[PDB]
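Enquirer: Please see the structure below; I have some questions.
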Amino acid sequence: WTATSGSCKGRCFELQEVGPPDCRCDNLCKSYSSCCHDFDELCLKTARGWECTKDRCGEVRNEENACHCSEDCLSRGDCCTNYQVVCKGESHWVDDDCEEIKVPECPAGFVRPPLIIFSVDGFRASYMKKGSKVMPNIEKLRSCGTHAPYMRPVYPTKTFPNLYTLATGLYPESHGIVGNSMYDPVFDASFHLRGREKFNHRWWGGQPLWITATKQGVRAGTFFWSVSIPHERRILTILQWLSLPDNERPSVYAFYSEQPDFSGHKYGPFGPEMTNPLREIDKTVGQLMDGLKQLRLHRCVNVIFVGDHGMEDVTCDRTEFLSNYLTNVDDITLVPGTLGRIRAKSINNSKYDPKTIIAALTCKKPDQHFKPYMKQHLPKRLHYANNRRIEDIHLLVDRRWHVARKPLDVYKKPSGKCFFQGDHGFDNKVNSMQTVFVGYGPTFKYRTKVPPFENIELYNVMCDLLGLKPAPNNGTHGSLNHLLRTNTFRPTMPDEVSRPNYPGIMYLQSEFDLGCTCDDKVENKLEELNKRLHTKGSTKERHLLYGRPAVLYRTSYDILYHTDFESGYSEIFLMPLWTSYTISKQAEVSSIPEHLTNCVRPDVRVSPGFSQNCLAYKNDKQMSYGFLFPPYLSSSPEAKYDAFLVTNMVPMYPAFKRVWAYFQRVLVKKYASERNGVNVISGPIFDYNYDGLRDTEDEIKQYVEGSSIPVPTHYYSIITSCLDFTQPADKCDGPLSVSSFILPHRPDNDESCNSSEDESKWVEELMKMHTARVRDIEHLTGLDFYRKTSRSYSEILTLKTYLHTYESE
Ligand SMILES: *[C@@H]1O[C@H](CO)[C@@H](O[C@@H]2O[C@H](CO)[C@@H](O[C@@H]3O[C@H](CO[C@H]4O[C@H](CO[C@H]5O[C@H](CO)[C@@H](O)[C@H](O)[C@@H]5O)[C@@H](O)[C@H](O[C@H]5O[C@H](CO)[C@@H](O)[C@H](O)[C@@H]5O[C@H]5O[C@H](CO)[C@@H](O)[C@H](O)[C@@H]5O)[C@@H]4O)[C@@H](O)[C@H](O[C@H]4O[C@H](CO)[C@@H](O)[C@H](O)[C@@H]4O[C@H]4O[C@H](CO)[C@@H](O)[C@H](O)[C@@H]4O)[C@@H]3O)[C@H](O)[C@H]2NC(C)=O)[C@H](O)[C@H]1NC(C)=O
Ligand SMILES: O=C(OCc1cc(Cl)cc(Cl)c1)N1CC[C@@H]2CN(C(=O)c3ccc4[nH]nnc4c3)C[C@@H]2CC1
Ligand SMILES: [Ca+2]
Ligand SMILES: [Ca+2]
Ligand SMILES: [Cl-]
Ligand code: NA
Ligand SMILES: [Zn+2]
Ligand SMILES: [Zn+2]
């Protein structure tokens, strides 16, 4: 209930959200149907449109007009945005040359440059090039300011998860807005686009920028705009707020446009009808800039032009139906569309079984346009599992496709008439889902292109731009310092928590009762002296190129040196946390010799009590083992023995060994050929609770049968070379190039529908899907890499957030 016969007089677009018995006048009152009776009349004036004309210049102020062309309008802050152009001989901001903004040029009384976020729904990254001719204002921002070729959204590439990630710096799994539609089983409540539930505080986690600002003494304009407030009114409202007295004026503002998304759904990303919406967005940007210029704020404010996601061609005919796969389709509830999420229709159904649903949806048609996953098996780069609002069963849908439960759902009720031609929500590495970023203003750089980056990084930057300390978030603060002229954030490397042991030779062979054997008793003072040197670290500068990784948690581990590789060996997890090695362009690939096929050798630096054992692998009929440093890449027959040490061994399912062996035997050498040498760091990951963070030892749910050997959930590798590939990886002078992956350690290859074929036809496709940022690996292992390079730490943070996507341009 709202008593709506209070009044909006003097309260239009009030910044505080009034609770009853009061009528509301904020920019969201329409949405709650809570506005005062006079809201339209007072706050949504439209008389005489939005532009001055010569006849209005110097008019007698008339309060019914939408905007003013009277002499007093500048003092009042309510001139039409073209007032000075029409009445005072000024030029439109777009027709002005750009001039570097080296410092803020702000009116007296401004304590910091304001920030305006101009968010545009569905603005696909390639619009910047393909619509350039019809968007002169935006092209000016783009070329004069700082821009990226594209900005990566979070998954799912839907509006509410992405706008709220922009505001918080958090993954959807952490901020809790995991879709536009959601069921929370703890509340037993549903969040929907239409209706009241979505406004409940309990949905919205983390701390959004407007709250971060308010808590730290910085006033914020309201971020959300009701659909029926015309864009011109939104602009004039921001301009009016910017004219408030110093003690009332906000420092941060958001504009939001429902376009081009709205038309994109109807016409497809590049339908001919898409030109008009782009022109109209451009015109609104022009109105903002002309308006800022009139107020002498166009060289004071920082403007961010950002989208939430892109837009793909998707039509009705491209729908897969679960009714074609499941006999039990009525027993499940599907969140449908460009992703799928499945749960039981009834929690009282004891015959609902997720393993059999998954199996019925796996590789059933040769052209199948979705792939089912338990959520913990989704590519770790999606960060889409650690929330009870994310169903256990997920369907990753192919770009251009939809999934639905039954055909009736599509031509009846919500799935639009078969009139829709575009949609979005797909995997966030898909090119059509990429969106835009431009920053323009005194705090941003001038005419500068920066590489593509992820939207989770922007919250930190918007905090830097406003002088705020950001709440804890998933950005890597400093990784975007290269966008900024000033206000950079200068982080320090995290401190090492555990120092390593460097064990020497301390055990005799006969102390090991591990059930291992090796044909290695075949038999010199040059060669004996040299092996000792290698075990003391004589080749470490070749194989550990960027320093040892730092261990950021309390643990017990050993550094082990060898001819061809160095490793940090956990006495707690009984295997390396990391193994580091460098492979030059000209390296030779060799085989595992026949006599060494089943060879495992005790490591006389490491206690039997801290070692794995071969008997456990023999007893475990499901589990085998592989090696972190690959025997295939040994520098010599004698060096190859080191690769068979029990301290280089890791538990691997036979189905996983197909993957890992092909990577080690074929792909590492291919990358070294292509990149002029690579340095590889590989290791295990334990994430049994799918929270993206290193498990403690008491979180491990599976061990090799009979033993204390924990089974990794994933294996990672980080492959680093010189960005200037004319320099070899081990003698690189400048910036680095990296690609990494986090492969799931699975006991079958059901994820790969072509896996009955030779590894050359499916392994690399699997690895590409599981591409990762170094930073993802850091969270998952509690290690910090690249500690000793000659690069600026900010540049190394950028490198750590890089994702190799394997999409084309
Ligand atoms: C991405 O970045 C984010 C942000 O850094 C990382 O997210 C953080 O991850 C941490 C580790 O998982 C986690 O620490 C938790 O926190 C528990 C307390 O959490 C509540 O309070 C949080 C703080 O609020 C205040 O924050 C600011 C400044 O810091 C203040 O100014 C304000 O006053 C704020 O109020 C709050 O953010 C948090 O929000 C979550 O929960 C809400 C309700 O469920 C949601 O609305 C909201 O969306 C958040 O939801 C996410 O996080 C939860 C987990 O917290 C997750 O379940 C959801 O799915 C979703 O992912 C809360 O309201 C604290 O109780 C925990 O401590 C227990 O566990 C640890 C280790 O497991 C124990 O050592 C500790 O003793 C304690 O154990 C006890 O409890 C156990 C479990 O119940 C029990 O088994 C045991 O026996 C013991 O009794 C733990 O420290 C952060 O909360 C989390 N923050 C956010 C926003 O997500 C994230 O990891 C990054 N991701 C990656 C990949 O890097
Ligand atoms: O003004 C808005 O936000 C501004 C903003 C900016 C920034 Cl930087 C951060 C944040 Cl936290 C908020 N809101 C108003 C409009 C809402 C209704 N929507 C749909 O109805 C919709 C749209 C596009 C869609 N595509 N597919 N379904 C859709 C549903 C979107 C919603 C966006 C939220
Ligand atoms: Ca076995
Ligand atoms: Ca974990
Ligand atoms: Cl297999
Ligand atoms: Na398969
Ligand atoms: Zn959107
Ligand atoms: Zn949309």
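Going through the structure tokens in order, the chains are called A, B, and so on, while each chain numbers its residues from 1 and the ligands are numbered from 1 in the order shown.
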Got a sec to check which residues lie within 9 Å of ligand 1, using only C-alpha atoms and all ligand atoms, and send them as a PyMOL selection string?
Expert: chain A and resi 169-177+201-207+212+215+383+385-389+471-475+691-693+775-776+778-780
Enquirer: Can you write just those residues out, N, CA, C and O atoms, as a compact mmCIF listing (two decimals), in the first residue's frame?
Expert:
```
# COMPACT_ATOMS: atom_id res chain seq x y z
N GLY A 169 32.22 -5.81 -9.08
CA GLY A 169 33.51 -6.50 -9.26
C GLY A 169 33.42 -7.98 -8.96
O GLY A 169 34.44 -8.63 -8.88
N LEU A 170 32.21 -8.51 -8.75
CA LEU A 170 32.08 -9.94 -8.37
C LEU A 170 31.56 -10.86 -9.46
O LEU A 170 30.73 -10.43 -10.25
N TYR A 171 32.06 -12.12 -9.48
CA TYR A 171 31.38 -13.19 -10.25
C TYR A 171 29.90 -13.34 -9.77
O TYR A 171 29.61 -13.23 -8.58
N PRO A 172 28.99 -13.63 -10.70
CA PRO A 172 27.54 -13.91 -10.38
C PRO A 172 27.42 -14.95 -9.25
O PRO A 172 26.62 -14.76 -8.32
N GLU A 173 28.28 -15.96 -9.26
CA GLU A 173 28.23 -16.96 -8.17
C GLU A 173 28.45 -16.34 -6.76
O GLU A 173 27.93 -16.85 -5.74
N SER A 174 29.18 -15.21 -6.72
CA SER A 174 29.46 -14.52 -5.46
C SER A 174 28.49 -13.41 -5.15
O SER A 174 28.07 -13.29 -3.99
N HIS A 175 28.07 -12.63 -6.17
CA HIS A 175 27.07 -11.62 -5.90
C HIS A 175 25.63 -12.13 -5.83
O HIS A 175 24.76 -11.42 -5.30
N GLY A 176 25.40 -13.34 -6.37
CA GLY A 176 24.14 -14.09 -6.23
C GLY A 176 23.13 -13.86 -7.34
O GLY A 176 22.05 -14.48 -7.34
N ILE A 177 23.42 -12.93 -8.26
CA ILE A 177 22.48 -12.71 -9.36
C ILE A 177 23.00 -13.60 -10.49
O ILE A 177 23.79 -13.16 -11.39
N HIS A 201 15.90 -7.23 -0.83
CA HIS A 201 17.35 -7.09 -0.54
C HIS A 201 18.12 -8.41 -0.53
O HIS A 201 19.31 -8.45 -0.86
N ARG A 202 17.44 -9.50 -0.18
CA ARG A 202 18.14 -10.75 0.02
C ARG A 202 18.71 -11.36 -1.26
O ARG A 202 19.53 -12.25 -1.17
N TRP A 203 18.27 -10.92 -2.44
CA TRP A 203 18.90 -11.43 -3.65
C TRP A 203 20.31 -10.90 -3.93
O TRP A 203 21.13 -11.62 -4.49
N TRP A 204 20.58 -9.67 -3.52
CA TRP A 204 21.65 -8.84 -4.08
C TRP A 204 22.77 -8.87 -3.08
O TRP A 204 22.68 -8.19 -2.07
N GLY A 205 23.82 -9.63 -3.36
CA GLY A 205 24.96 -9.70 -2.45
C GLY A 205 26.11 -8.75 -2.83
O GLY A 205 25.95 -7.88 -3.71
N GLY A 206 27.26 -8.92 -2.18
CA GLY A 206 28.42 -8.01 -2.32
C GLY A 206 28.12 -6.56 -1.95
O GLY A 206 27.19 -6.29 -1.23
N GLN A 207 28.89 -5.62 -2.48
CA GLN A 207 28.68 -4.23 -2.20
C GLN A 207 28.84 -3.41 -3.50
O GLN A 207 29.99 -3.19 -3.96
N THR A 212 29.35 1.54 -1.89
CA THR A 212 30.78 1.72 -1.55
C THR A 212 31.02 3.26 -1.44
O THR A 212 31.71 3.75 -0.52
N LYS A 215 29.08 4.81 1.77
CA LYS A 215 29.78 4.45 3.03
C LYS A 215 31.05 5.23 3.27
O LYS A 215 31.52 5.32 4.40
N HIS A 383 33.58 -19.70 -13.62
CA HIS A 383 33.33 -19.40 -12.20
C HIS A 383 31.81 -19.51 -11.89
O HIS A 383 31.25 -18.59 -11.26
N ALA A 385 29.51 -22.08 -10.30
CA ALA A 385 29.09 -23.22 -9.56
C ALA A 385 28.78 -22.98 -8.09
O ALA A 385 27.88 -23.65 -7.54
N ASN A 386 29.52 -22.06 -7.45
CA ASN A 386 29.49 -21.93 -5.98
C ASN A 386 28.33 -21.01 -5.51
O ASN A 386 28.51 -19.96 -4.89
N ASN A 387 27.13 -21.46 -5.83
CA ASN A 387 25.95 -20.78 -5.34
C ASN A 387 24.79 -21.76 -5.38
O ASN A 387 24.59 -22.41 -6.38
N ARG A 388 24.00 -21.83 -4.30
CA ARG A 388 22.85 -22.75 -4.26
C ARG A 388 21.77 -22.40 -5.28
O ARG A 388 20.84 -23.18 -5.51
N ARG A 389 21.86 -21.23 -5.91
CA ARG A 389 20.87 -20.83 -6.92
C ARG A 389 21.26 -21.32 -8.31
O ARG A 389 20.49 -21.17 -9.26
N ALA A 471 35.37 -2.58 -1.90
CA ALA A 471 35.06 -3.83 -1.13
C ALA A 471 35.78 -5.04 -1.76
O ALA A 471 36.26 -4.99 -2.92
N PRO A 472 35.97 -6.12 -0.98
CA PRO A 472 36.64 -7.29 -1.49
C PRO A 472 35.93 -7.85 -2.77
O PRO A 472 34.72 -7.99 -2.77
N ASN A 473 36.69 -8.09 -3.86
CA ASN A 473 36.03 -8.45 -5.13
C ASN A 473 36.95 -9.31 -5.99
O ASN A 473 38.07 -9.63 -5.54
N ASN A 474 36.48 -9.70 -7.19
CA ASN A 474 37.19 -10.69 -8.02
C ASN A 474 38.09 -10.03 -9.03
O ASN A 474 38.83 -10.71 -9.66
N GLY A 475 38.04 -8.70 -9.12
CA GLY A 475 39.05 -7.97 -9.90
C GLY A 475 40.45 -8.23 -9.32
O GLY A 475 40.61 -8.74 -8.18
N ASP A 691 34.52 -24.03 -5.21
CA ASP A 691 34.41 -22.59 -4.85
C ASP A 691 35.51 -21.75 -5.53
O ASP A 691 35.58 -20.57 -5.32
N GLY A 692 36.27 -22.38 -6.42
CA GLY A 692 37.34 -21.69 -7.19
C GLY A 692 38.60 -21.47 -6.36
O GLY A 692 39.52 -20.77 -6.79
N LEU A 693 38.60 -22.01 -5.13
CA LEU A 693 39.70 -21.79 -4.17
C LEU A 693 40.37 -23.07 -3.70
O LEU A 693 39.72 -24.06 -3.52
N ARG A 775 45.57 -16.05 -13.04
CA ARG A 775 44.95 -15.69 -11.80
C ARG A 775 43.94 -16.80 -11.32
O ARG A 775 43.76 -17.01 -10.06
N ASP A 776 43.29 -17.48 -12.27
CA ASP A 776 42.35 -18.55 -11.88
C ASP A 776 43.13 -19.65 -11.17
O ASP A 776 42.69 -20.24 -10.15
N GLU A 778 46.04 -19.27 -9.64
CA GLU A 778 46.45 -18.79 -8.33
C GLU A 778 45.40 -19.00 -7.26
O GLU A 778 45.72 -19.48 -6.15
N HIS A 779 44.16 -18.70 -7.56
CA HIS A 779 43.10 -18.85 -6.54
C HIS A 779 42.99 -20.34 -6.16
O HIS A 779 42.81 -20.68 -5.00
N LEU A 780 43.10 -21.20 -7.17
CA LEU A 780 42.91 -22.63 -7.01
C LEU A 780 44.07 -23.37 -6.32
O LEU A 780 43.90 -24.53 -5.90
```
Enquirer: Can you tell me, as a VMD selection string, what residues are no more than 8 Å from residue 457 (chain A) when counting only C-alpha atoms, ignoring any on the same chain fewer than 3 positions away?
Expert: chain A and resid 169 453 to 454 460 to 461 474 to 477 479 to 480
Enquirer: Which residues sit within 9 Å of ligand 2, counting only C-alpha atoms and all ligand atoms, listed as number ranges by chain?
Expert: A: 28, 117-122, 158-168, 180, 193-194, 208-209, 222-227, 253-259, 261-262, 265, 306-308, 423-425
Enquirer: Quick one: write out the picked residues with N, CA and C atoms as a compact mmCIF listing (two decimals), in the first residue's frame?
Expert:
```
# COMPACT_ATOMS: atom_id res chain seq x y z
N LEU A 28 12.95 5.24 -9.94
CA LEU A 28 12.37 3.91 -9.95
C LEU A 28 10.92 3.79 -9.39
N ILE A 117 28.73 6.79 -15.74
CA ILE A 117 28.79 5.52 -16.38
C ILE A 117 27.65 5.49 -17.42
N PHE A 118 27.98 5.35 -18.70
CA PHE A 118 26.95 5.36 -19.73
C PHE A 118 26.83 3.91 -20.17
N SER A 119 25.90 3.17 -19.57
CA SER A 119 25.79 1.72 -19.87
C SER A 119 24.76 1.48 -20.97
N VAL A 120 25.09 0.58 -21.89
CA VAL A 120 24.22 0.39 -23.08
C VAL A 120 23.96 -1.09 -23.18
N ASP A 121 22.69 -1.44 -23.14
CA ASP A 121 22.33 -2.86 -23.05
C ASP A 121 22.51 -3.53 -24.43
N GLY A 122 23.17 -4.68 -24.48
CA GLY A 122 23.28 -5.41 -25.76
C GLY A 122 24.22 -4.79 -26.81
N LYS A 158 23.88 -12.56 -19.69
CA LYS A 158 22.60 -11.93 -19.50
C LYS A 158 22.73 -10.60 -18.75
N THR A 159 21.66 -9.83 -18.75
CA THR A 159 21.73 -8.44 -18.32
C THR A 159 21.92 -8.26 -16.81
N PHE A 160 21.02 -8.85 -16.00
CA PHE A 160 21.13 -8.66 -14.56
C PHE A 160 22.49 -9.19 -14.00
N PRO A 161 22.96 -10.38 -14.41
CA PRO A 161 24.31 -10.82 -13.86
C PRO A 161 25.40 -9.84 -14.26
N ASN A 162 25.31 -9.31 -15.48
CA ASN A 162 26.42 -8.44 -15.99
C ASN A 162 26.41 -7.02 -15.48
N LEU A 163 25.23 -6.43 -15.36
CA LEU A 163 25.15 -5.07 -14.79
C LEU A 163 25.56 -5.14 -13.33
N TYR A 164 25.15 -6.17 -12.61
CA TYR A 164 25.47 -6.24 -11.20
C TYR A 164 26.94 -6.61 -10.98
N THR A 165 27.53 -7.39 -11.89
CA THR A 165 29.02 -7.62 -11.86
C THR A 165 29.74 -6.23 -12.10
N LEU A 166 29.26 -5.44 -13.06
CA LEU A 166 29.89 -4.13 -13.34
C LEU A 166 29.92 -3.34 -12.04
N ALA A 167 28.80 -3.34 -11.30
CA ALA A 167 28.69 -2.55 -10.05
C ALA A 167 29.46 -3.10 -8.87
N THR A 168 29.82 -4.38 -8.87
CA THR A 168 30.39 -5.02 -7.67
C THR A 168 31.80 -5.56 -7.85
N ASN A 180 18.79 -14.03 -15.00
CA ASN A 180 17.67 -13.10 -14.97
C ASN A 180 16.48 -13.80 -14.29
N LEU A 193 12.18 -11.42 -13.89
CA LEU A 193 12.10 -10.10 -14.57
C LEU A 193 10.83 -9.34 -14.21
N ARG A 194 9.69 -9.98 -14.40
CA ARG A 194 8.43 -9.32 -14.03
C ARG A 194 8.13 -9.63 -12.59
N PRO A 208 27.72 -2.91 -4.04
CA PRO A 208 27.75 -2.23 -5.32
C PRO A 208 28.34 -0.84 -5.14
N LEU A 209 28.83 -0.30 -6.24
CA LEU A 209 29.55 0.97 -6.23
C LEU A 209 28.83 2.11 -5.51
N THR A 222 21.22 7.88 -8.65
CA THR A 222 20.60 6.54 -8.59
C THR A 222 20.89 5.78 -9.91
N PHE A 223 21.24 4.49 -9.83
CA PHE A 223 21.71 3.73 -11.03
C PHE A 223 20.62 3.22 -11.96
N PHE A 224 19.45 2.97 -11.41
CA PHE A 224 18.37 2.33 -12.13
C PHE A 224 17.36 3.31 -12.67
N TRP A 225 16.89 3.09 -13.89
CA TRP A 225 15.97 4.05 -14.51
C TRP A 225 14.73 3.28 -14.97
N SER A 226 13.54 3.75 -14.60
CA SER A 226 12.30 3.14 -15.14
C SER A 226 12.20 3.26 -16.66
N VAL A 227 11.70 2.20 -17.30
CA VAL A 227 11.67 2.11 -18.76
C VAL A 227 10.96 3.30 -19.41
N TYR A 253 27.38 8.72 -11.25
CA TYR A 253 26.08 8.66 -11.93
C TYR A 253 26.09 7.49 -12.88
N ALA A 254 24.91 6.91 -13.10
CA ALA A 254 24.80 5.95 -14.23
C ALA A 254 23.68 6.36 -15.17
N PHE A 255 23.93 6.22 -16.47
CA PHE A 255 22.82 6.31 -17.44
C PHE A 255 22.62 4.90 -17.92
N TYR A 256 21.39 4.52 -18.31
CA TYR A 256 21.21 3.17 -18.83
C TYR A 256 20.34 3.35 -20.08
N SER A 257 20.70 2.64 -21.14
CA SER A 257 19.89 2.52 -22.33
C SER A 257 19.44 1.06 -22.59
N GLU A 258 18.13 0.87 -22.78
CA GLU A 258 17.56 -0.44 -23.16
C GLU A 258 17.95 -0.84 -24.59
N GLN A 259 18.42 0.12 -25.37
CA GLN A 259 18.95 -0.11 -26.71
C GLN A 259 20.53 -0.19 -26.71
N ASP A 261 20.00 -3.50 -27.31
CA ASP A 261 19.48 -4.82 -26.94
C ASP A 261 18.02 -5.03 -27.41
N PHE A 262 17.17 -4.04 -27.16
CA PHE A 262 15.75 -4.24 -27.34
C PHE A 262 15.46 -4.54 -28.81
N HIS A 265 17.04 -8.04 -30.15
CA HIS A 265 16.25 -9.27 -29.97
C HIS A 265 15.26 -9.48 -31.16
N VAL A 306 30.04 1.71 -21.65
CA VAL A 306 30.29 0.32 -21.39
C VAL A 306 29.00 -0.45 -21.72
N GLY A 307 29.16 -1.65 -22.26
CA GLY A 307 27.99 -2.51 -22.39
C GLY A 307 27.96 -3.69 -21.44
N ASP A 308 26.83 -4.38 -21.39
CA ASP A 308 26.73 -5.49 -20.46
C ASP A 308 27.04 -6.82 -21.16
N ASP A 423 19.58 -13.21 -29.61
CA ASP A 423 19.57 -13.40 -28.14
C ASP A 423 21.02 -13.46 -27.65
N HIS A 424 21.19 -13.63 -26.35
CA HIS A 424 22.53 -13.67 -25.75
C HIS A 424 22.39 -14.47 -24.47
N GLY A 425 23.51 -14.84 -23.84
CA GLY A 425 23.50 -15.61 -22.58
C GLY A 425 24.56 -16.67 -22.71
```
Enquirer: Name the residues in contact with residue 561 (chain A) at a cut-off of 8 Å, using only C-alpha atoms, excluding same-chain residues fewer than 5 positions from it; report them as a list in words.
Expert: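 So the residues in contact are residues 534, 535, 536, 537, 540, 566 and 567 of chain A.
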Enquirer: Just the selected residues (N, CA, C and O atoms), exported as a PDB file, in the first residue's frame, please.
Expert:
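Written output follows (again.pdb):
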```
ATOM      1  N   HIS A 534      73.460 -30.717 -10.835  1.00  0.00           N
ATOM      2  CA  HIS A 534      72.067 -30.619 -11.298  1.00  0.00           C
ATOM      3  C   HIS A 534      71.102 -30.750 -10.125  1.00  0.00           C
ATOM      4  O   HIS A 534      70.157 -29.990 -10.043  1.00  0.00           O
ATOM      5  N   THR A 535      71.369 -31.676  -9.197  1.00  0.00           N
ATOM      6  CA  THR A 535      70.522 -31.870  -7.996  1.00  0.00           C
ATOM      7  C   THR A 535      70.667 -30.699  -7.015  1.00  0.00           C
ATOM      8  O   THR A 535      69.796 -30.467  -6.170  1.00  0.00           O
ATOM      9  N   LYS A 536      71.764 -29.949  -7.129  1.00  0.00           N
ATOM     10  CA  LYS A 536      71.955 -28.762  -6.293  1.00  0.00           C
ATOM     11  C   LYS A 536      71.352 -27.500  -6.934  1.00  0.00           C
ATOM     12  O   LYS A 536      71.361 -26.454  -6.304  1.00  0.00           O
ATOM     13  N   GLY A 537      70.839 -27.581  -8.164  1.00  0.00           N
ATOM     14  CA  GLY A 537      70.181 -26.401  -8.723  1.00  0.00           C
ATOM     15  C   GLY A 537      70.954 -25.737  -9.847  1.00  0.00           C
ATOM     16  O   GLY A 537      70.592 -24.636 -10.262  1.00  0.00           O
ATOM     17  N   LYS A 540      68.748 -24.498 -12.599  1.00  0.00           N
ATOM     18  CA  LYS A 540      67.465 -23.867 -12.184  1.00  0.00           C
ATOM     19  C   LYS A 540      67.158 -22.575 -12.917  1.00  0.00           C
ATOM     20  O   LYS A 540      65.988 -22.234 -13.104  1.00  0.00           O
ATOM     21  N   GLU A 566      62.346 -28.263 -12.228  1.00  0.00           N
ATOM     22  CA  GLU A 566      62.426 -28.032 -10.793  1.00  0.00           C
ATOM     23  C   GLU A 566      60.993 -28.165 -10.289  1.00  0.00           C
ATOM     24  O   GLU A 566      60.038 -27.878 -11.040  1.00  0.00           O
ATOM     25  N   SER A 567      60.821 -28.633  -9.055  1.00  0.00           N
ATOM     26  CA  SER A 567      59.459 -28.734  -8.521  1.00  0.00           C
ATOM     27  C   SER A 567      59.401 -28.329  -7.035  1.00  0.00           C
ATOM     28  O   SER A 567      60.440 -28.266  -6.346  1.00  0.00           O
TER      29      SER A 567
END
```
Enquirer: How would you write, as number ranges by chain, the set of residues in region 89-313 of chain A that DSSP gives as strand (DSSP E)?
Expert: A: 115-121, 146-147, 151-152, 182-184, 189-191, 252-260, 302-307, 312-313
Enquirer: Can you work out which residues are within 12 Å of ligand 4, considering only C-alpha atoms and all ligand atoms, and then hand them over as a ChimeraX atom specification?
Expert: /A:376,380,383,385-386,685-701,712-714,777,779-782
Enquirer: Find the residues near region 38-53 of chain A: any atom within 10 Å, counting only C-alpha atoms, skip ones fewer than 2 places away on the same chain, and give them as a PyMOL selection string.
Expert: chain A and resi 4-13+23-27+29-30+34-36+55-57+63-70+79-87+228-230+232-233+236-237+287
Enquirer: Let me see the file: selected residues, C-alpha atoms, as an mmCIF file, in the first residue's frame.
Expert:
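result_12.cif written:
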```cif
data_model
loop_
_atom_site.group_PDB
_atom_site.id
_atom_site.type_symbol
_atom_site.label_atom_id
_atom_site.label_comp_id
_atom_site.auth_asym_id
_atom_site.auth_seq_id
_atom_site.Cartn_x
_atom_site.Cartn_y
_atom_site.Cartn_z
ATOM 1 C CA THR A 4 0.025 8.536 -3.214
ATOM 2 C CA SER A 5 -1.720 11.888 -2.620
ATOM 3 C CA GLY A 6 1.456 13.445 -1.190
ATOM 4 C CA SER A 7 3.313 15.578 -3.782
ATOM 5 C CA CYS A 8 6.515 15.550 -5.927
ATOM 6 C CA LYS A 9 6.721 19.346 -5.872
ATOM 7 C CA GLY A 10 10.441 20.198 -5.314
ATOM 8 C CA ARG A 11 11.291 16.464 -5.024
ATOM 9 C CA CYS A 12 11.610 15.343 -8.639
ATOM 10 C CA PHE A 13 14.212 12.574 -8.964
ATOM 11 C CA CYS A 23 4.513 8.934 -2.105
ATOM 12 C CA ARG A 24 7.875 8.434 -3.984
ATOM 13 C CA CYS A 25 9.446 10.628 -6.667
ATOM 14 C CA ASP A 26 12.731 8.663 -7.438
ATOM 15 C CA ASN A 27 13.699 7.360 -10.897
ATOM 16 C CA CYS A 29 8.961 4.860 -8.363
ATOM 17 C CA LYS A 30 7.190 3.876 -11.635
ATOM 18 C CA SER A 34 4.623 4.124 -5.938
ATOM 19 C CA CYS A 35 4.866 7.592 -7.483
ATOM 20 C CA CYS A 36 2.971 10.625 -6.265
ATOM 21 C CA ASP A 55 12.545 31.458 -31.692
ATOM 22 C CA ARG A 56 12.968 30.294 -28.027
ATOM 23 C CA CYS A 57 16.306 31.973 -27.432
ATOM 24 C CA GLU A 63 7.976 26.181 -15.995
ATOM 25 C CA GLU A 64 5.810 23.774 -18.064
ATOM 26 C CA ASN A 65 8.547 23.342 -20.709
ATOM 27 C CA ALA A 66 10.604 20.101 -20.859
ATOM 28 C CA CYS A 67 13.843 22.101 -20.870
ATOM 29 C CA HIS A 68 14.639 25.835 -21.038
ATOM 30 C CA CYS A 69 16.116 28.348 -23.482
ATOM 31 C CA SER A 70 15.895 31.369 -21.217
ATOM 32 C CA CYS A 79 18.816 24.378 -20.398
ATOM 33 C CA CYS A 80 18.036 22.137 -23.342
ATOM 34 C CA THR A 81 21.375 20.472 -24.126
ATOM 35 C CA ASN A 82 21.658 22.316 -27.440
ATOM 36 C CA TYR A 83 20.979 25.767 -25.857
ATOM 37 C CA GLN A 84 24.440 27.270 -26.344
ATOM 38 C CA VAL A 85 24.728 25.940 -29.835
ATOM 39 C CA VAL A 86 21.347 27.386 -30.993
ATOM 40 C CA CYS A 87 21.293 30.584 -28.899
ATOM 41 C CA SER A 228 9.123 4.884 -19.413
ATOM 42 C CA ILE A 229 11.479 7.716 -18.447
ATOM 43 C CA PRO A 230 12.642 8.912 -21.914
ATOM 44 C CA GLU A 232 16.395 12.750 -22.900
ATOM 45 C CA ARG A 233 14.866 13.182 -19.417
ATOM 46 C CA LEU A 236 18.617 16.281 -18.279
ATOM 47 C CA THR A 237 18.205 14.763 -14.759
ATOM 48 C CA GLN A 287 23.197 15.453 -25.778
#
```
Enquirer: Which residue is closest to residue 250 (chain A)? Choose from A:545, A:284, A:323, A:16 and count only C-alpha atoms.
Expert: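 For residue 250 (chain A), the nearest of the given residues is A:16.
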